[PDB]
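Here's a solo chain for you in structure tokens, the form deposited in one PDB entry.
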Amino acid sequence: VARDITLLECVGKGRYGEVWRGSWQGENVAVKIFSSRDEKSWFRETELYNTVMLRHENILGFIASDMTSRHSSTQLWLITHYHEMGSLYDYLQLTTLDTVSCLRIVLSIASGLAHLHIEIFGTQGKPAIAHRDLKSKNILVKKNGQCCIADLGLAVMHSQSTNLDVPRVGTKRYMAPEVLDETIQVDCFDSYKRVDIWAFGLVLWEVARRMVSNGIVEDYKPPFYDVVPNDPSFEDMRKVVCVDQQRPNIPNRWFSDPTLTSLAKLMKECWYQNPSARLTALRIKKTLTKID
């Protein structure tokens, strides 16, 4: 079991629980400890790795899952590979980017998101999966320059068979207009895919600001840094996105670079108020693959 693991250092804490860096047979591993209030998030994220056999170069790599439960207490561990460089959010604050490194990040995310979204058939197939909490803090930077998508505790699934949610359980800063509007068609699975594309558009913006061009770059800032306070409320986001119909502003420098200009058009096509008008994960991958 994973009782042979040494918990060295805590790297993340929050409502979900905690994530620890740990050692196991000489190798660093990440250990997510779920509080007993997140037990269903533990099982869901485990079942995707345990039963659906979720694996992809840009999805966080599962290692093991353990639950031990007495009447005294219950422990819930999810064990995955460890990524020293941390989250895309931490990375972007300490690093600038160039044409190649930026593309590798962006295309890497689009590849992981599209594999999540696309249903696969057969004995080794997978249902369509919606993340529902895409954001820079849930994307990890790998040593090789690529990224992988991490937290799947809120993901939903859809297969070719009648069948996974009630409402709005994501990070409010990244919620799409139809979520803040409550216009979202909760009964159409594509609705949740289009929510991810909105979040992915914000992450594209975050990354692009950090790509240097013509000797200039932008400090890191979160989406909507200029119009909402830290930890914005549901009403604050609805006012900026729906009523004021605000969108992250595009610096004028982006248009003097080919890469940044292509990204700008991609972002905007992820931000249409109408979800049906937004690009798909696959077409975002294709477009990104053709750049440079």
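So that there is no doubt, residue numbering starts at 1 and follows the sequence shown. Basically, rigid core = biggest C-alpha set you can superpose within 1.5 Å across the two forms.
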| property | result |
| --- | --- |
| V100 not built in a third or more of the other entries | no |
| Check: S161 without coordinates in a third or more of other entries | yes |
| Deposited but uncoordinated residues in the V166/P167 interval | 1 to 3 |
| Unmodelled stretch of the deposited sequence separating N163 from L164, binned as none, 1 to 3, 4 to 9 or 10 or more | 1 to 3 |
| Greater mean Cα temperature factor according to the PDB record, 260-268 or 66-74 | 66-74 |
| Higher-scoring stretch by recorded Cα B factor average, 116-124 or 135-143 | 116-124 |
| Maximum C-alpha temperature factor, selected from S191, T99, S111, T80 | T99 |
| Peak C-alpha temperature factor (PDB record), options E206, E178, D196, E84 | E84 |
| Among modelled residues of the same chain, the CA temperature factor third for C148 | middle |
| Third assignment of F234 from its chain's C-alpha B-factors | middle |
| Chain-wide C-alpha B factor ranking for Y49, given as lowest, middle or highest third | middle |
| Position of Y225 among the chain's modelled residues by C-alpha B-factor, lowest, middle or highest third | middle |
| Third of the chain's Cα B-factor distribution that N58 belongs to, per the entry | lowest |
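Omitted here: the form deposited in another entry. The next part is about that form.
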query	finding
Residue showing a 2 Å-or-more C-alpha displacement between the shown form and the other one once the rigid core is overlaid, selected from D226, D244, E47, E235	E47
After fitting the core, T261 CA displacement of 2 Å or more between the shown form and the other one	no
Post core alignment: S72 C-alpha displaced by 2 Å or more between the shown form and the other one	yes
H56 C-alpha relocation of at least 2 Å between the shown form and the other one, rigid core basis	no
